[PDB]
Each structure stands twice: as structure tokens, then as C-alpha cells.
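Chemist: so I pulled this structure from the PDB, and the sequence comes with it:
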Amino acid sequence: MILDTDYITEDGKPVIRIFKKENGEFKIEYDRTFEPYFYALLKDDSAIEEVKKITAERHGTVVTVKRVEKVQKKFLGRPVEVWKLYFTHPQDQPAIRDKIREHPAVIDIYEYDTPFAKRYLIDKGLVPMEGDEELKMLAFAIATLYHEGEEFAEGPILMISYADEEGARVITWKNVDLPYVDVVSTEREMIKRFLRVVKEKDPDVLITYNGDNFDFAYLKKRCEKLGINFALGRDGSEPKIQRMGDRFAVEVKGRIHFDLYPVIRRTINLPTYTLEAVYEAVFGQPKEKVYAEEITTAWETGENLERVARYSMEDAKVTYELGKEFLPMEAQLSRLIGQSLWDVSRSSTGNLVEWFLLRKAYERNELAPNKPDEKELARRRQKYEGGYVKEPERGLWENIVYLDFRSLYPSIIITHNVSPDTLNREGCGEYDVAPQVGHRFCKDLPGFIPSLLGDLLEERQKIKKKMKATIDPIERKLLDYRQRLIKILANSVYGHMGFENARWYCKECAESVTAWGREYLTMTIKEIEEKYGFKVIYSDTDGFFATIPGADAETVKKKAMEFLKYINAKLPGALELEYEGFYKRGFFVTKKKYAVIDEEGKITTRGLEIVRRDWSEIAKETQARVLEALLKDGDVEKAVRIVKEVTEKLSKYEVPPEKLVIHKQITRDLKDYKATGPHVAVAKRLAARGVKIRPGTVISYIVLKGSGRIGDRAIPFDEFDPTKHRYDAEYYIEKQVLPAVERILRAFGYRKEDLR
DNA sequence: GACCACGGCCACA
DNA sequence: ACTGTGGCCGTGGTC
Ligand SMILES: O=S(=O)(O)C[C@@H](O)CN1CCOCC1
Ligand SMILES: [Mg+2]
Ligand SMILES: [Mg+2]
Ligand SMILES: [Mg+2]
Ligand SMILES: [Mg+2]
Ligand SMILES: [Mg+2]
Ligand code: NA
């Protein structure tokens, strides 16, 4: 199984290294054949000789074009001839390229900014994480001495915890009687022992939580102060750093550094992304927190160091189990995109589709379009219409059913050959014309995007079939991971066509797909009402909820099935509508907000404040309880009863303060904010106090009893003393709980005053 | 100073 | 920064 690729220079020539794991043995394949290149388009093939005589400078050594090759490729589905410019070293082409681009006889250069090892994986048709080879894993965490006002890593590393299949153990340079504690003399011996543990375990993946921005940087700073060689790589190298926009990420050559923070932030949405919070969310069991204050005090007084070690052991044991749950899926994503698990676990979704598309484009001899320049980016600042959300039939409905279009947008793209290369193509014999936008799509030849999406969705159906037949639960889940990810990728390819930074950006294709989908949904609505007698309560973009006014439950189900068959025949191509489920009752507040209950009793809430992270748990809990009473038993009397009980508890200040915390995120440099609301105000004060509030910082504030601007009255919950503070129950009643439960109970006549 | 437009944050598809 | 559609609220601007 391929794990990663990179390249090392040797006598000036590049050498690709393929880190594999075959038959349970770590192997390194060396290739000295691959040559760096990019494509260039000339007004006249004549100037190729003048293009051969181009110069530049790197490391005091002039860089020249090695050779040229005339290659014929298809750009935008159209034939074109292009010169392939070869170079001696990969780093030569980050130079020269701007010089070539500015040459008079060149039009543009293509596939220039492509990583050499990535280009190898693509051009060689190599797929990471392919095989039944199980991987050895090891999760490590650190515990450091923190003193305020000091620089980074001024204090020492107190403990180094690691966890694997055998268990969790902590290495520390002080005496603790905990059985999982190995005691050493100095921080140097602690680090040294950790490297020995890694070296002897030869781990394939190293699981860290936020290790890309802390654990490895702290370990590096200490290994430089104490004069250690942090040779954690299988090639005998130290963890290398690579920039990732504002922040950085660390690689362990010959291994895969799996930082769980970016993966978990992307996959799950929670109010706060603390390790303890992530654990109790994914596994249901709480994890105790020991703050740096307690840690430093315990180390300096030598008292209660056992508890600090327990935190370290857990911090690692949970990191392993979390990684064990999130690695197989991310490995299958790596298999799908054709890039290393390291890169896919840290890259944005819009960048993953670029890797996938560039692989496919190489498979189809399609010259990959470049990225948008600044002027075209502004030219791409255009807006098009999207889905059709109907003003919901607000209130409570009974015996209802949701019908959805399976992969609506992808089905449209394939059915009508929707793609930038099949748009207004002069000289075709078959054209499908897009509603409202009037864009003509050639169907004589299948398009790039439709071909990819077609092959993809074909695989997903195949994958689901093998899954339902597969007997190993592991293998099954692997297949289940692929089918879900295939669906995400397909719909993401549509977003690429609308992404300004995307290389295959066709606004026409986007608005055409939206228009088609609007049409298909509208007709379905008209037919299910006029021809079959239903009332559409709500519809967003790819489906709708509906029922027959005063209908028997089983009647709705049966009559619903009939409309599916009727509409599917009238539905062109693979555009199908399907029966997601039946719900006894459901409340619809407004667009993008509702909740329904299955016949078993499971409630699905969407958009309602119960799912929001920027809302007090007391409001979310209360709104949920109201929703349960109504959607389960209709005890509206109990619902208002619950509201009154909660409001009285808040009046008497008997509600746990943790349920009154509002979690909001800083999305930019506080310097550039233009509306200092409560959360950015709290952080701005924290900023002056010393704390660095950066993009992504989650602020957790509470409102203390007082008056005036909400901002100049909120404190971070880490600064809340129940003995010295009192929360503004009025705010948490007249601005949190009531303004949410009212929106639901307004349908039944109750007003805020009627709720105490 | 009462009312309202509105950054700004998050959610659904 | 997938995109688009959408609902909120604390805050200040505005007569
Ligand atoms: O049945 S509900 O839960 O009311 C609505 C969902 O089925 C809608 N889907 C669309 C596809 O992505 C997941 C959500
Ligand atoms: Mg390029
Ligand atoms: Mg190519
Ligand atoms: Mg047209
Ligand atoms: Mg195409
Ligand atoms: Mg059909
Ligand atoms: Na792209």
C-alpha cells in the first residue's frame, strides 16, 4: 500500500521516493526517470527555438529548459497543439515560468504550479491507501510547563504520553506511582525515550490533536535547546514544517502525521472543539480537563502530579480511539482523490476536487485550465439563481412524507451533458436547451464533467451492492465510507463549476443546472397536488414535504408510491424522485427550519435553534423539550408548563451557569471588524489582556446581571466565579429561551406573556 | 430615542 | 472561501 510520495535531489537530478507498506513491511521505491514539466502555448511553433534559449537564476546556478516536445491535447474539449517544456530540476520551474509567461510569443503556460510528487502520483496513475494492508498507529500528546508572559517553550515538557493498541503510557521526569508511568531523570531522557518508543514501534501513522500547530513545535524548540536529534522519520529525519496559509503543518517523512483537529473540525459541528468536548461528543463519555495553571502548580509544588499524569494518559488514549474512528474514512478519501492521506486530511474540499479533476484531466489528455487571474476573478464576480425554497405552510401537520431527488444536480449534469466543454458548441446535431437561461449543451460527445460524474455515480451503486454482500464489518464500512464520499464529491463538482477560483468555471453550466432543477421540482409539485391531491408544505431545492389534507396514514403512503411511478416516467433520464420516509407529525416554523418525528419516535430537527452552536444550552434544551411534547404527545399544556418552570428557575438563578454560555467564532483579524458585537468585544478585551484572538478562535461568553450594551457586560466563562458573579437572567429569558419557544407556540395562540 | 436597516454567525440543500 | 437561500440578533445610525 502506497502511503506517501516526496522527492530528494541527488547530483542535481530529482529522485521520487514512494513510501509504501507491502506485505507488512515498510518499503521505499526510488524513481530517477520522472522529469518536471509544464505546457506552453505559442503564437507560432517557430518561436520554440527562442523559447529553448531562455535563462534565469537559482542558487547561483542558471536554469535552462532541458527539452521540448510537441504534444496534441484537448483544451476545453477542443483540439490544440501545445509545447511541453521540460526542466532539469523541479525547483527550476517555480523560476523561469514567470519569465516564459511574459515572453512575447507565448499565450499562456499551463500546469506550472503542480507539486512534483503530486504530479508523479497523477502522471503515473498511482493511488494511495489502496489495499487490505492494515496500518500500525500511535497517538502521542505532550504536557508542558506554562508561565504567562514567557515566550513559547521557555518552560520544559513535563510529560509525553503515547497510546496504541497495547495501551497508554506516560513518560515523565518525576516520580509518580501510576502503573502506566515510566520515570526518567531529565527532559532529555524523556524525549530520548519517546524517540526510542517510536523507533521500536515503527508506527505508520502518528495521531496528534492540534499537533500541526503545537506539540511538534514545542518538541522542536526543546530538542534544539537540549541538543537532541528529533529523528522521528523512518528516513532518519526530523519533523519538517510546511506552510498552510496562516498556520503550518508538520510532516514525518516515511510516516503519516494524522492531525485530528482539521479532520474533526470539518467532519463534525460542535459548539467548542476541545479534546474533552470532541471525545464526549463522539463517544458519549466525558473527559476531565486539567488546565495549565493546575499543571504548572502541581509540577512546581510536587503535589498531585498523579492527576496531571492521568490527564496525559487520557489525552493520548482518547487521541488514539478518535484517530481509529476517523482514519479509515480519511484513507478512503485519499484513495478517491489520488493524493496522500496527509494532504487530503488537511486540504479544503475545493482543493480536493482540483486534485481529482486534474487526475481525470490527465486521464483524458485535457489541458488543465489555469487559475483565475485578478482581473478575471472580478469578471467572475457574477451571481446566479439557486434553489426554490417555498414559504413553508407554517404550523403543525400530520401524516406527512418527504420525497427527494436522488443526486438531482449531478443527474442534470449527466442527463443534459452539462459542462464547460459542451456549452454553445457550434456544429452539433443534438442540443439540450436550458430553461430560463437559454444555454445550449451539445450531446453529440459526452462532456468532461458529465463523464466523470457518470463514472462516479456508477461506482457508488456498485460499491453499495458489494457492501450489502460484504461480510467483514471492517470491509463493509470501508465500502460505506466510499459510497458516501463519492456522493459528496459528485455534488462538490457542481460547486467547482460555480467557484470563481476553479479552473473549470462555467457560470452558464451552474445557472443552467439550477434552472433545470427548479423546473423539475416545480412540475413535481404541480403534479402531486393537481393530479394526485396533495398539499406541499415545504420544499428547499431537491425535495418536498407533503400530505393529503385529512388523510389516513397508510393512505398517504400508498398514494405517494403511485405518484413516484407516474412522475418518474415523465422525469427525463436518471432524474428520479424517491420516498425518504413517513413522519407522523411535523412542525414547520420558517424556511430552513423544521422538525419531524418518525413512527418509532425519532425526532429530526433542522435549522431550529436546537441545532445551533451560538445559542445557550438552556434555550436549546427548552426548545427541544417543547418540540418533544408537541411532536410526540401533543401535550401543548406540558409545553407551556416546561417554559414556565424553566423561566422560574432562571428567575431564581437556580439554572447551572454552564447552560448559559454562548459560543461564537472570530472569523477574521479583530483589527478588520466593523461591528464590534458581544463576542468580538469580549475577545478584543482579551486581546489587550494578552490573549491572541486569531481566525477560528471560539469565544465562550456569559452575560452577567446588569444593563446597557450586551458586549460591555459579557465575560468569558473561564473568568466566571459563581461566588462573585450573577448572570442576566432577563437576557437569558427575554432574549434566549422565550424568543425561541415562542416562534413555535405562536402557532397555537400562546404569547410570550402567556409563558411567564 | 424609537425604529429600522444591518454586519455578522450559522444552518439547509 | 464550493454556491445559493435563509433566518436571526446585538448594535448603531437616522431623523
Ligand atoms: O428527511 S429529512 O431529514 O427531513 C430531510 C433529509 O432527508 C434531506 N437530506 C438531503 C440530502 O442530504 C441530507 C439531508
Ligand atoms: Mg497551472
Ligand atoms: Mg497533463
Ligand atoms: Mg446558451
Ligand atoms: Mg466536461
Ligand atoms: Mg427516469
Ligand atoms: Na481548481
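Modeler: Yes, it's here. Residues are numbered from 1 along each chain as shown, chains lettered A, B, ... in the order given. Ligands and ions are numbered 1, 2, ... in the order given.

Chemist: touching DNA strand C at all, stretch A:611-627?
Modeler: No: using Cβ under 7 Å from any atom of the strand, stretch A:611-627 never reaches DNA strand C; the gap is at least 8.0 Å. C-betas here are computed from N, CA, C, even on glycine.

Chemist: swap in stretch A:714-729?
Modeler: No: using Cβ under 7 Å from any atom of the strand, stretch A:714-729 never reaches DNA strand C; the gap is at least 7.6 Å.

Chemist: then stretch A:526-536?
Modeler: No: shown here: stretch A:526-536 not in contact with DNA strand C (Cβ under 7 Å from any atom of the strand), separated by at least 14.4 Å.

Chemist: pull out the buried positions in that stretch.
Modeler: Of the residues in stretch A:526-536, A:528, A:534, A:536 count as buried by neighbour count, 16 or more other Cβ atoms under 10 Å.

Chemist: and that stretch, does that touch DNA strand B?
Modeler: No: using Cβ under 7 Å from any atom of the strand, stretch A:526-536 stays clear of DNA strand B, coming no nearer than 14.4 Å.

Chemist: let me see the contact set for residue A:218.
Modeler: Residues near residue A:218 by Cβ atoms under 8 Å, 6 or more residues apart in numbering: A:142, A:144, A:152-153, A:157.

Chemist: could you find the closest non-adjacent residue to residue A:246?
Modeler: residue A:695 (6.6 Å; Cβ to Cβ, 6 or more residues apart in numbering).

Chemist: off-centre distance for the strand or helix carrying residue A:487?
Modeler: Taking DSSP states H and E as the criterion, residue A:487 maps to helix A:473-498. Put simply, helix A:473-498 sits 13 Å off its chain's centre (Cα atoms, centre = their mean, to the nearest Å).

Chemist: got the residues of the stretch 201-350 of chain A near DNA strand C?
Modeler: So far as Cβ under 7 Å from any atom of the strand goes, the stretch 201-350 of chain A lies against DNA strand C at A:348-350.

Chemist: now the residue of the stretch 401-550 of chain A found nearest DNA strand B: closest residue in space, sequence neighbours ignored.
Modeler: Using Cβ to the nearest atom of the strand, the closest approach of the stretch 401-550 of chain A to DNA strand B is made by residue A:540 at 3.8 Å. The shortest distance from residue A:540 to any non-neighbouring residue, by Cβ to Cβ, 6+ apart, is to residue A:389 (5.2 Å).

Chemist: who are the contact partners of the residue of the stretch 501-650 of chain A found nearest DNA strand C?
Modeler: Of all residues in the stretch 501-650 of chain A, residue A:591 sits closest to DNA strand C, with a separation of 3.5 Å (Cβ to the nearest atom of the strand). Contact partners of residue A:591, counting by Cβ under 8 Å, 6+ apart, are A:389-392, A:538, A:540.

Chemist: show me how the record splits chain A into domains.
Modeler: With domains defined by automatic domain parsing, chain A comprises A:37-123, A:137-344, A:395-598, A:657-731.

Chemist: okay if I get the ones you listed as a markdown table plus distance to ligand 1?
Modeler: Listed next are these as a markdown table, based on distance: least, Cβ to the nearest ligand atom, whole Å:
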| stretch | distance to ligand 1 |
| --- | --- |
| domain A:37-123 | 30 |
| domain A:137-344 | 14 |
| domain A:395-598 | 5 |
| domain A:657-731 | 24 |
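
Chemist: ok, longest helix in chain A?
Modeler: The residue-count maximum for a helix in chain A (DSSP state H) belongs to helix A:305-337.

Chemist: show me which positions of that one end up buried.
Modeler: By neighbour count on 16+ other Cβ under 10 Å, the buried set for helix A:305-337 is A:305, A:308-323, A:326-327, A:329-337.

Chemist: and the closest residue to DNA strand B within the stretch 201-350 of chain A, how far from residue A:663?
Modeler: Nearest to DNA strand B in the stretch 201-350 of chain A, going by Cβ to the nearest atom of the strand, is residue A:269, at a distance of 4.7 Å. Applying Cβ to Cβ, to the nearest Å, the value for residue A:269 to residue A:663 is 11 Å.

Chemist: got it, and residue A:396?
Modeler: Distance of residue A:396 to residue A:663, given as Cβ to Cβ: 31 Å.

Chemist: now swap in residue A:266 and tell me
Modeler: 18 Å.

Chemist: which one's more surrounded, the two?
Modeler: Neighbours were counted for residue A:266 and for residue A:663 using other Cβ atoms under 10 Å; residue A:663 has more, 20 against 14.

Chemist: what about the closest residue to the more buried one other than its chain neighbours, neighbour count?
Modeler: Counting by Cβ to Cβ, 6+ apart, residue A:663 lies nearest to residue A:271, which is 4.0 Å off, once chain neighbours are set aside. For residue A:271, the count of nearby residues is 20 (other Cβ under 10 Å).

Chemist: likewise for residue A:6?
Modeler: 19.

Chemist: and if you look at residue A:107?
Modeler: 12.

Chemist: looking at this, it is in a strand?
Modeler: Yes: counting by DSSP: H, G, I helix; E, B strand; the rest coil, residue A:107 is located in a strand.

Chemist: list the residues that contact the nearest residue to it once chain neighbours are set aside.
Modeler: What sits nearest to residue A:107 in space, not counting adjacent residues and going by Cβ to Cβ, 6+ apart, is residue A:41, at 4.1 Å. Taking Cβ under 8 Å, 6+ apart, we find residue A:41 in contact with A:80, A:82-83, A:106-110.

Chemist: any idea how far residue A:82 is from residue A:41?
Modeler: Distance, residue A:41 to residue A:82, using Cβ to Cβ: 6 Å.

Chemist: cool, and residue A:575?
Modeler: Counting by Cβ to Cβ - residue A:575 and residue A:82 are separated by 38 Å.

Chemist: ok, now residue A:115?
Modeler: Counting by Cβ to Cβ, the gap from residue A:115 to residue A:82 is 21 Å.

Chemist: again with residue A:260
Modeler: For residue A:260, the distance to residue A:82 - Cβ to Cβ - is 43 Å.

Chemist: dump the residue contacts of residue A:730.
Modeler: With contact set as Cβ under 8 Å, 6+ apart, residue A:730 has these partners: residue A:705.

Chemist: assign it to helix, strand or coil.
Modeler: Under three-state DSSP, the three-state class of residue A:730 is helix.

Chemist: contacting residues for the residue nearest the centre of chain A?
Modeler: Here the mean C-alpha position of chain A is nearest to the C-alpha of residue A:266 (Cα atoms, centre = their mean), at a distance of 3.1 Å. Residue A:266 makes contact with residue A:349, according to Cβ under 8 Å, 6+ apart.

Chemist: so which strand or helix has it?
Modeler: Here residue A:266 is covered by helix A:260-267, with elements defined by DSSP H and E.

Chemist: now the residue lying closest to residue A:64 once chain neighbours are set aside: which helix or strand?
Modeler: Distance criterion Cβ to Cβ, 6+ apart; nearest residue to residue A:64, sequence neighbours excluded, is residue A:55 at 6.5 Å. Using DSSP H and E, residue A:55 sits in no helix or strand.

Chemist: residue A:55: what's it in contact with?
Modeler: Residue A:55 makes contact with A:62-64, A:99 under the criterion Cβ under 8 Å, 6+ apart.

Chemist: try residue A:100
Modeler: So, once contact is read as Cβ under 8 Å, 6+ apart, residue A:100 ends up touching A:40, A:51, A:54, A:85, A:106, A:109.

Chemist: how many neighbours does residue A:729 have?
Modeler: The tally of other residues near residue A:729 (other Cβ under 10 Å) stands at 21.

Chemist: done for today, thanks.
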